[PDB]
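Data file: run_2.cif. Format and content: mmCIF, C-alpha atoms and all ligand atoms.
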```
data_entry
loop_
_atom_site.label_atom_id
_atom_site.label_comp_id
_atom_site.auth_asym_id
_atom_site.auth_seq_id
_atom_site.Cartn_x
_atom_site.Cartn_y
_atom_site.Cartn_z
CA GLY A 21 -4.47 -13.32 38.59
CA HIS A 22 -5.05 -9.67 39.50
CA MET A 23 -6.13 -8.66 35.95
CA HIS A 24 -5.38 -4.94 36.58
CA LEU A 25 -5.35 -4.39 32.80
CA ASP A 26 -8.93 -5.53 32.44
CA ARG A 27 -10.05 -2.93 34.97
CA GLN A 28 -8.70 -0.28 32.59
CA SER A 29 -10.21 -1.95 29.59
CA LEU A 30 -13.63 -1.99 31.24
CA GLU A 31 -13.32 1.78 31.56
CA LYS A 32 -12.47 2.13 27.84
CA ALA A 33 -15.58 0.06 27.10
CA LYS A 34 -17.72 2.27 29.30
CA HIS A 35 -16.24 5.31 27.56
CA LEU A 36 -17.20 3.69 24.22
CA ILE A 37 -20.87 3.53 25.27
CA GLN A 38 -21.07 6.88 27.11
CA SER A 39 -19.48 8.91 24.31
CA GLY A 40 -21.95 7.55 21.74
CA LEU A 41 -18.93 6.56 19.60
CA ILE A 42 -20.27 2.97 19.42
CA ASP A 43 -22.93 4.10 16.92
CA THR A 44 -19.94 5.06 14.73
CA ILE A 45 -18.69 1.45 14.38
CA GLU A 46 -19.30 -0.66 11.25
CA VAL A 47 -21.64 -3.53 11.96
CA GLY A 48 -21.37 -7.21 11.11
CA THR A 49 -17.97 -7.01 9.47
CA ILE A 50 -14.48 -7.96 10.59
CA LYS A 51 -13.41 -4.31 10.23
CA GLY A 52 -16.13 -3.45 12.77
CA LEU A 53 -14.94 -6.20 15.09
CA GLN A 54 -11.39 -4.82 14.83
CA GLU A 55 -12.71 -1.30 15.60
CA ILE A 56 -14.37 -2.59 18.79
CA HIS A 57 -11.29 -4.52 19.79
CA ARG A 58 -8.98 -1.53 19.17
CA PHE A 59 -11.19 0.64 21.36
CA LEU A 60 -11.19 -1.82 24.25
CA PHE A 61 -7.52 -2.70 24.30
CA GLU A 62 -5.70 0.23 22.78
CA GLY A 63 -2.77 1.19 25.05
CA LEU A 64 -3.00 -2.21 26.77
CA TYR A 65 -2.45 -4.95 24.18
CA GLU A 66 0.22 -4.28 21.59
CA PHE A 67 -2.05 -6.08 19.09
CA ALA A 68 -5.17 -4.04 19.87
CA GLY A 69 -7.41 -4.35 16.77
CA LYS A 70 -4.91 -6.62 14.95
CA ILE A 71 -5.67 -10.10 13.50
CA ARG A 72 -3.36 -12.59 15.22
CA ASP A 73 -0.53 -14.37 13.43
CA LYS A 74 -0.26 -17.28 15.93
CA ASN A 75 -2.52 -20.18 16.77
CA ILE A 76 -4.49 -20.24 19.97
CA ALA A 77 -6.56 -22.81 21.84
CA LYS A 78 -8.68 -23.74 24.79
CA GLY A 79 -7.85 -27.22 26.06
CA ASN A 80 -7.42 -29.48 23.03
CA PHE A 81 -9.64 -27.25 20.89
CA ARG A 82 -7.62 -25.12 18.43
CA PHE A 83 -9.36 -22.01 17.15
CA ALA A 84 -9.23 -21.28 13.40
CA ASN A 85 -5.71 -21.69 12.07
CA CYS A 86 -4.14 -18.31 11.39
CA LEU A 87 -3.11 -19.86 8.07
CA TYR A 88 -6.80 -19.72 6.95
CA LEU A 89 -8.05 -16.59 8.72
CA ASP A 90 -7.75 -14.52 5.52
CA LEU A 91 -10.09 -16.97 3.83
CA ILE A 92 -12.55 -17.78 6.55
CA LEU A 93 -13.05 -14.26 7.94
CA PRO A 94 -14.59 -12.93 4.68
CA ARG A 95 -16.65 -16.15 4.48
CA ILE A 96 -18.14 -15.59 7.98
CA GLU A 97 -18.75 -11.95 7.11
CA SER A 98 -20.82 -13.03 4.12
CA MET A 99 -23.18 -15.22 6.17
CA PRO A 100 -26.85 -14.18 6.24
CA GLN A 101 -28.12 -12.16 9.18
CA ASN A 102 -31.90 -11.98 8.57
CA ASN A 103 -33.17 -13.48 11.83
CA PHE A 104 -32.13 -14.42 15.33
CA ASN A 105 -30.84 -17.90 14.51
CA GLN A 106 -28.80 -16.78 11.54
CA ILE A 107 -27.22 -14.06 13.61
CA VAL A 108 -26.37 -16.42 16.44
CA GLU A 109 -25.01 -18.87 13.86
CA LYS A 110 -22.82 -16.09 12.48
CA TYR A 111 -21.67 -15.26 16.03
CA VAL A 112 -20.82 -18.90 16.75
CA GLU A 113 -18.58 -18.95 13.65
CA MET A 114 -16.96 -15.66 14.55
CA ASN A 115 -16.16 -17.06 17.94
CA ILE A 116 -14.67 -20.19 16.43
CA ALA A 117 -12.56 -17.85 14.26
CA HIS A 118 -11.38 -16.14 17.49
CA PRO A 119 -9.26 -13.73 15.31
CA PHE A 120 -7.38 -11.81 18.09
CA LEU A 121 -4.70 -12.99 20.48
CA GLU A 122 -6.82 -12.08 23.53
CA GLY A 123 -10.10 -10.34 24.15
CA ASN A 124 -12.08 -12.21 21.46
CA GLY A 125 -14.98 -12.90 23.82
CA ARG A 126 -15.66 -9.41 25.01
CA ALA A 127 -15.08 -7.74 21.64
CA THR A 128 -17.31 -10.27 19.84
CA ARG A 129 -20.17 -9.99 22.38
CA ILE A 130 -20.38 -6.24 21.66
CA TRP A 131 -20.20 -7.10 17.92
CA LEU A 132 -23.14 -9.46 18.37
CA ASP A 133 -25.22 -6.85 20.21
CA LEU A 134 -24.70 -4.39 17.38
CA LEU A 135 -25.75 -7.00 14.87
CA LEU A 136 -28.91 -7.82 16.85
CA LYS A 137 -29.56 -4.10 17.30
CA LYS A 138 -29.28 -3.49 13.59
CA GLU A 139 -31.34 -6.39 12.33
CA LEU A 140 -33.70 -7.30 15.13
CA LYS A 141 -33.87 -4.11 17.16
CA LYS A 142 -32.72 -6.13 20.20
CA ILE A 143 -29.71 -6.55 22.44
CA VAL A 144 -28.71 -9.24 24.93
CA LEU A 145 -29.14 -8.48 28.61
CA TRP A 146 -25.86 -10.13 29.58
CA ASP A 147 -26.37 -9.31 33.30
CA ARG A 148 -29.32 -11.65 33.31
CA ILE A 149 -27.12 -14.42 31.91
CA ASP A 150 -25.35 -16.56 34.49
CA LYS A 151 -21.61 -17.00 33.77
CA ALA A 152 -21.34 -20.80 34.07
CA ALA A 153 -24.43 -21.13 31.86
CA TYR A 154 -22.94 -18.77 29.30
CA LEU A 155 -19.52 -20.49 29.22
CA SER A 156 -20.96 -24.01 29.02
CA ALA A 157 -23.31 -22.97 26.19
CA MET A 158 -20.34 -21.41 24.33
CA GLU A 159 -18.28 -24.54 24.86
CA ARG A 160 -21.02 -26.67 23.28
CA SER A 161 -21.72 -24.24 20.41
CA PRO A 162 -19.27 -25.74 17.84
CA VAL A 163 -21.08 -29.08 18.04
CA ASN A 164 -24.61 -27.96 19.02
CA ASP A 165 -25.70 -24.32 19.00
CA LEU A 166 -29.09 -24.96 20.60
CA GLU A 167 -27.97 -24.22 24.13
CA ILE A 168 -26.54 -20.78 23.23
CA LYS A 169 -29.56 -19.95 21.03
CA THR A 170 -32.01 -20.74 23.79
CA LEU A 171 -29.99 -18.87 26.34
CA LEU A 172 -29.66 -15.67 24.30
CA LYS A 173 -33.26 -15.84 23.10
CA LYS A 174 -34.54 -15.87 26.72
CA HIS A 175 -32.87 -12.53 27.38
CA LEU A 176 -33.33 -10.08 24.54
CA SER A 177 -34.33 -6.47 25.21
CA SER A 178 -35.72 -3.66 23.05
CA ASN A 179 -34.03 -1.19 25.35
CA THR A 180 -31.36 -0.83 22.81
CA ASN A 181 -29.86 2.62 23.45
CA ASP A 182 -30.07 2.94 27.21
CA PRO A 183 -26.47 3.69 28.37
CA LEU A 184 -26.79 2.05 31.82
CA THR A 185 -28.47 -1.12 30.44
CA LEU A 186 -25.57 -1.38 27.98
CA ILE A 187 -23.00 -0.71 30.72
CA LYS A 188 -24.48 -3.37 33.03
CA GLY A 189 -24.18 -5.85 30.14
CA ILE A 190 -20.55 -4.94 29.47
CA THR A 191 -19.71 -5.23 33.15
CA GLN A 192 -21.14 -8.75 33.09
CA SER A 193 -19.31 -9.47 29.84
CA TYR A 194 -16.04 -8.70 31.63
CA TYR A 195 -17.12 -10.70 34.66
CA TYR A 196 -17.33 -13.74 32.30
CA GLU A 197 -13.58 -13.38 31.80
CA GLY A 198 -12.87 -13.41 35.58
CA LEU A 199 -13.05 -9.70 36.48
CA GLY A 200 -15.15 -9.42 39.68
CA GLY B 21 -10.63 -16.46 30.62
CA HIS B 22 -8.60 -18.36 28.03
CA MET B 23 -5.43 -16.37 28.69
CA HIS B 24 -4.02 -17.03 25.22
CA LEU B 25 -1.70 -14.08 25.80
CA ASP B 26 -0.21 -15.79 28.82
CA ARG B 27 0.52 -19.01 26.88
CA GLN B 28 2.36 -16.87 24.37
CA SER B 29 4.24 -15.20 27.24
CA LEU B 30 5.16 -18.60 28.65
CA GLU B 31 6.98 -19.50 25.41
CA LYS B 32 8.90 -16.23 25.63
CA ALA B 33 9.82 -16.99 29.23
CA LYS B 34 10.98 -20.47 28.27
CA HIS B 35 13.04 -18.94 25.44
CA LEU B 36 14.61 -16.45 27.87
CA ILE B 37 15.96 -19.36 29.93
CA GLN B 38 16.79 -21.82 27.11
CA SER B 39 18.70 -19.35 24.94
CA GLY B 40 20.98 -18.26 27.81
CA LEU B 41 19.87 -14.63 27.41
CA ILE B 42 18.78 -14.75 31.03
CA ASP B 43 22.50 -14.79 31.99
CA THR B 44 22.89 -11.13 30.95
CA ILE B 45 19.83 -9.59 32.54
CA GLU B 46 21.10 -7.10 35.12
CA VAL B 47 20.51 -8.57 38.62
CA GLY B 48 18.67 -7.03 41.57
CA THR B 49 17.84 -3.67 39.96
CA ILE B 50 14.80 -1.88 38.53
CA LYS B 51 16.33 -1.83 35.05
CA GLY B 52 16.82 -5.56 35.41
CA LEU B 53 13.24 -6.11 36.48
CA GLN B 54 12.18 -4.10 33.45
CA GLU B 55 14.36 -6.25 31.15
CA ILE B 56 12.58 -9.32 32.45
CA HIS B 57 9.17 -7.77 31.94
CA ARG B 58 10.03 -6.45 28.51
CA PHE B 59 11.18 -9.88 27.54
CA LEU B 60 8.08 -11.75 28.80
CA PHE B 61 5.55 -9.28 27.37
CA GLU B 62 7.09 -7.65 24.32
CA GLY B 63 4.53 -7.67 21.47
CA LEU B 64 1.82 -8.64 23.96
CA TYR B 65 1.47 -5.71 26.36
CA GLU B 66 1.82 -2.23 24.86
CA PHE B 67 3.45 -1.32 28.16
CA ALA B 68 6.02 -4.16 28.23
CA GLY B 69 9.03 -3.13 30.35
CA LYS B 70 7.52 0.25 31.34
CA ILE B 71 6.70 1.60 34.79
CA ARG B 72 2.92 2.18 35.07
CA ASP B 73 1.51 5.72 35.32
CA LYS B 74 -1.87 4.57 36.74
CA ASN B 75 -2.83 3.13 40.14
CA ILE B 76 -3.63 -0.54 40.64
CA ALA B 77 -5.16 -2.65 43.33
CA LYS B 78 -6.34 -5.99 44.52
CA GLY B 79 -9.54 -5.70 46.55
CA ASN B 80 -9.13 -2.60 48.76
CA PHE B 81 -5.35 -2.94 48.73
CA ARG B 82 -3.72 -0.25 46.58
CA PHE B 83 -0.18 -1.03 45.43
CA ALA B 84 2.34 1.83 45.71
CA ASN B 85 0.92 5.08 44.30
CA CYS B 86 2.42 5.73 40.87
CA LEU B 87 3.03 9.22 42.29
CA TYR B 88 5.87 7.74 44.47
CA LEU B 89 7.29 5.06 42.22
CA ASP B 90 10.17 7.33 41.15
CA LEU B 91 11.07 7.67 44.84
CA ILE B 92 10.43 4.23 46.31
CA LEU B 93 11.89 2.14 43.48
CA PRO B 94 15.49 3.42 43.97
CA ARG B 95 15.00 3.02 47.74
CA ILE B 96 13.96 -0.65 47.28
CA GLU B 97 16.90 -1.23 44.92
CA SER B 98 19.21 0.06 47.70
CA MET B 99 18.04 -2.55 50.18
CA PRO B 100 20.62 -5.05 51.37
CA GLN B 101 20.76 -8.51 49.81
CA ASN B 102 23.46 -10.37 51.79
CA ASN B 103 21.28 -13.15 53.15
CA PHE B 104 18.01 -14.98 52.56
CA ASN B 105 15.91 -12.81 54.94
CA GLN B 106 17.13 -9.59 53.32
CA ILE B 107 16.46 -10.88 49.80
CA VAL B 108 12.95 -11.89 50.72
CA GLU B 109 12.32 -8.51 52.43
CA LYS B 110 13.51 -6.84 49.23
CA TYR B 111 11.22 -9.07 47.18
CA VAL B 112 8.27 -8.29 49.48
CA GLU B 113 8.85 -4.54 48.96
CA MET B 114 9.21 -5.07 45.25
CA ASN B 115 5.87 -6.86 45.12
CA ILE B 116 4.19 -4.02 47.02
CA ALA B 117 5.66 -1.52 44.58
CA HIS B 118 4.03 -3.67 41.82
CA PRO B 119 5.48 -1.17 39.23
CA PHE B 120 3.91 -2.57 36.03
CA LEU B 121 0.31 -2.46 34.92
CA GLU B 122 0.23 -6.30 34.70
CA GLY B 123 2.71 -9.17 34.95
CA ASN B 124 4.36 -8.04 38.18
CA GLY B 125 4.14 -11.48 39.78
CA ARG B 126 5.88 -13.40 36.99
CA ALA B 127 8.57 -10.82 36.28
CA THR B 128 9.40 -10.29 39.93
CA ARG B 129 9.48 -14.02 40.74
CA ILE B 130 12.22 -14.40 38.09
CA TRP B 131 13.95 -11.32 39.57
CA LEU B 132 13.86 -13.01 42.97
CA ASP B 133 15.42 -16.17 41.50
CA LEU B 134 18.28 -14.20 39.91
CA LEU B 135 18.99 -12.48 43.23
CA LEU B 136 19.04 -15.77 45.12
CA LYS B 137 21.26 -17.22 42.44
CA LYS B 138 23.74 -14.34 42.52
CA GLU B 139 23.80 -14.07 46.25
CA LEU B 140 23.18 -17.53 47.77
CA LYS B 141 23.59 -19.76 44.67
CA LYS B 142 20.04 -21.06 45.11
CA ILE B 143 16.75 -20.84 43.24
CA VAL B 144 13.16 -21.38 44.31
CA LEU B 145 11.59 -24.70 43.33
CA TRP B 146 8.30 -23.02 42.45
CA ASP B 147 6.78 -26.26 41.12
CA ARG B 148 7.04 -27.62 44.66
CA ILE B 149 5.17 -24.66 46.12
CA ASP B 150 1.41 -25.08 46.13
CA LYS B 151 -0.51 -22.11 44.58
CA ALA B 152 -2.93 -21.54 47.51
CA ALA B 153 0.02 -21.54 49.92
CA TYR B 154 1.94 -19.13 47.68
CA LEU B 155 -1.03 -16.75 47.24
CA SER B 156 -1.99 -16.78 50.90
CA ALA B 157 1.64 -16.12 51.97
CA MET B 158 1.96 -13.16 49.51
CA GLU B 159 -1.34 -11.75 50.66
CA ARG B 160 -0.16 -11.80 54.26
CA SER B 161 3.36 -10.56 53.36
CA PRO B 162 2.86 -6.76 53.69
CA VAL B 163 1.87 -7.28 57.30
CA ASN B 164 3.85 -10.38 58.30
CA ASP B 165 6.50 -11.89 56.13
CA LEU B 166 7.01 -15.10 58.14
CA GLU B 167 4.64 -17.15 55.93
CA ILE B 168 6.45 -16.27 52.71
CA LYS B 169 9.90 -16.51 54.34
CA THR B 170 9.10 -19.97 55.72
CA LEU B 171 7.46 -21.19 52.52
CA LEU B 172 10.36 -20.13 50.29
CA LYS B 173 13.11 -21.34 52.65
CA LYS B 174 11.77 -24.90 52.40
CA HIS B 175 11.91 -25.16 48.59
CA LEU B 176 15.33 -23.88 47.62
CA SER B 177 17.70 -25.72 45.27
CA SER B 178 21.43 -25.52 44.50
CA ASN B 179 20.68 -26.71 40.98
CA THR B 180 20.43 -23.17 39.66
CA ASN B 181 21.29 -23.95 36.05
CA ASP B 182 19.27 -27.03 35.10
CA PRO B 183 16.94 -25.73 32.39
CA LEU B 184 14.37 -28.54 33.03
CA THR B 185 14.15 -27.40 36.68
CA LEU B 186 13.92 -23.77 35.53
CA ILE B 187 11.15 -24.46 33.00
CA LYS B 188 9.15 -26.44 35.59
CA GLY B 189 9.60 -23.44 37.87
CA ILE B 190 8.39 -20.89 35.35
CA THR B 191 5.46 -23.07 34.29
CA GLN B 192 4.35 -23.06 37.94
CA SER B 193 4.86 -19.31 38.19
CA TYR B 194 2.43 -18.90 35.25
CA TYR B 195 0.12 -21.42 36.85
CA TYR B 196 -0.09 -19.13 39.91
CA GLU B 197 -1.73 -16.57 37.61
CA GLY B 198 -4.33 -19.12 36.38
CA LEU B 199 -2.62 -20.60 33.30
CA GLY B 200 -3.50 -24.32 33.22
ZN ZN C 1 -1.09 -7.55 40.57
ZN ZN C 2 -10.28 -17.35 23.83
#
```
Mind turning the file's structure into structure tokens?
Amino acid sequence: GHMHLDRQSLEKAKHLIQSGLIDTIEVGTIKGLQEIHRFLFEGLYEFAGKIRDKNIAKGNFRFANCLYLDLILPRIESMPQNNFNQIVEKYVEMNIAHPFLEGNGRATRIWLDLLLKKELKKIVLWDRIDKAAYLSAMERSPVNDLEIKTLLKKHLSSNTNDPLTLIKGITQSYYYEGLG
Amino acid sequence: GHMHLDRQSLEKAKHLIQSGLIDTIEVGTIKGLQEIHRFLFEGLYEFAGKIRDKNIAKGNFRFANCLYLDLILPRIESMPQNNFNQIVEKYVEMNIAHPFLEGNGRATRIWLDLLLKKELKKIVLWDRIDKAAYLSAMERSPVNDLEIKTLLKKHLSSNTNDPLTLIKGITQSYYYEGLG
């Protein structure tokens, strides 16, 4: 519907970039993912930054059972991150974990960028990634991660610290969720 | 996006009806509208049950300035509710006031039902009201309320207490917001 909340969240996100506080966030860990999430949803979602205690789904696809989150989250964390493919593989798992009640996609995309920034010196130019193509690649990722790999690989940038490049990407990241 | 939060809110709405707690929500008042909202969004929205202190919009349409909410809310609450037309006019004002950050549509639709129940012993068969027709009528409502008045008048029921009917109704209400 109107998604008024998300308008406010987008502003928190922008604030996160503009203030330089994003450099302060721990990278590649679930703590770091929680930090991102808290920043984006604090004051909006009661569970901002909190691991869910309920099960969630898209269609007939259940995300990781909250029963196992304590086990699988550290296991994802421990995955290697030495190249592009490994990092995308780690991202695909973290998305399957989908550890929050809402806002997994936009928090985890930032998380991914930080991981690519740290290890590869790259980020994803989300605004060059069409929404339908992104969603369909994500939907296929649990079974075949080739689509999402190819799609992210086509659109890396070395322009890793430029505030407006980053803000354009976050704007698109929120557009993926329906905010136009 | 996935709207996991909304699925969780749907279960809370169902529970509100099924448990019979709905029978002691105060009818036709701001406090009552807040009770509804609190109940649907508690533990989901940080702001569950609270009047917003920010401005919100759809397109270039701003809902009532949060600067005036303290003044217009009591004025809306004072509006007559003796017949169908009055109750709908009251509802239309209440939607324009849009006093919460998010979840105005679902809370206020329930609020409408309770008013119609108290006053005319009817409820709206939401599941028989197409979503495009509903959205178009609401969009036109600030300027001309005939569309919404006509649409609602055609899908009223005397069966105000059947919880199957009520659940079908609330499921459709959530569907209006994009929950599928
Ligand atoms: Zn709204
Ligand atoms: Zn999701």
(Q) Hey, which residues sit close to ligand ZN 1 (chain C)? Say within 10 Å, counting all atoms listed in the file, and write them as an MDAnalysis selection string. (A) (chainID A and resid 21:25) or (chainID B and resid 76:78 82:83 115:126 197)
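Of note, atom CA of residue B:195 and atom CA of residue A:80 are spaced 17.7 Å apart.
Taking atom CA of residue B:130 and atom CA of residue B:152 as the two end points, the separation is 19.2 Å.
For the pair atom CA of residue B:200 and atom CA of residue B:56, the separation is 22.0 Å.
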Q: Compile the contact shell of residue A:29 as a list in words: residues with an atom at most 8 Å away, counting all atoms listed in the file, same-chain residues fewer than 2 positions apart removed.
A: residues 25, 26, 27, 31, 32, 33, 60, 61 and 64 of chain A
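Taking all atoms listed in the file into account, chain A lies nearest to B:68 out of the set B:68, B:93, B:190, B:84.
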Q | Which of A:181, A:106, A:128, A:39 sits closest to ligand ZN 2 (chain C) [using all atoms listed in the file] | A | A:128
Quick one: residues within 12 Å of residue A:158, all atoms listed in the file counted, chain neighbours fewer than 6 positions away excluded, as a compact mmCIF listing (two decimals) with C-alpha atoms, in the frame of the given file?
```txt
# COMPACT_ATOMS: atom_id res chain seq x y z
CA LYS A 78 -8.68 -23.74 24.79
CA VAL A 108 -26.37 -16.42 16.44
CA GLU A 109 -25.01 -18.87 13.86
CA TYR A 111 -21.67 -15.26 16.03
CA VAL A 112 -20.82 -18.90 16.75
CA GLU A 113 -18.58 -18.95 13.65
CA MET A 114 -16.96 -15.66 14.55
CA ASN A 115 -16.16 -17.06 17.94
CA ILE A 116 -14.67 -20.19 16.43
CA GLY A 125 -14.98 -12.90 23.82
CA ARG A 129 -20.17 -9.99 22.38
CA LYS A 151 -21.61 -17.00 33.77
CA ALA A 152 -21.34 -20.80 34.07
CA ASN A 164 -24.61 -27.96 19.02
CA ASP A 165 -25.70 -24.32 19.00
CA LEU A 166 -29.09 -24.96 20.60
CA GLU A 167 -27.97 -24.22 24.13
CA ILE A 168 -26.54 -20.78 23.23
CA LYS A 169 -29.56 -19.95 21.03
CA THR A 170 -32.01 -20.74 23.79
CA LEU A 171 -29.99 -18.87 26.34
CA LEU A 172 -29.66 -15.67 24.30
CA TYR A 196 -17.33 -13.74 32.30
```
Q.
Given only C-alpha atoms as the basis, pick out the residue of A:74, A:138, A:47, A:42 nearest to chain B.
A. A:74
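When all atoms listed in the file are used to compute distances to ligand ZN 2 (chain C), the closest of the residues A:69, A:79, A:94, A:183 turns out to be A:79.
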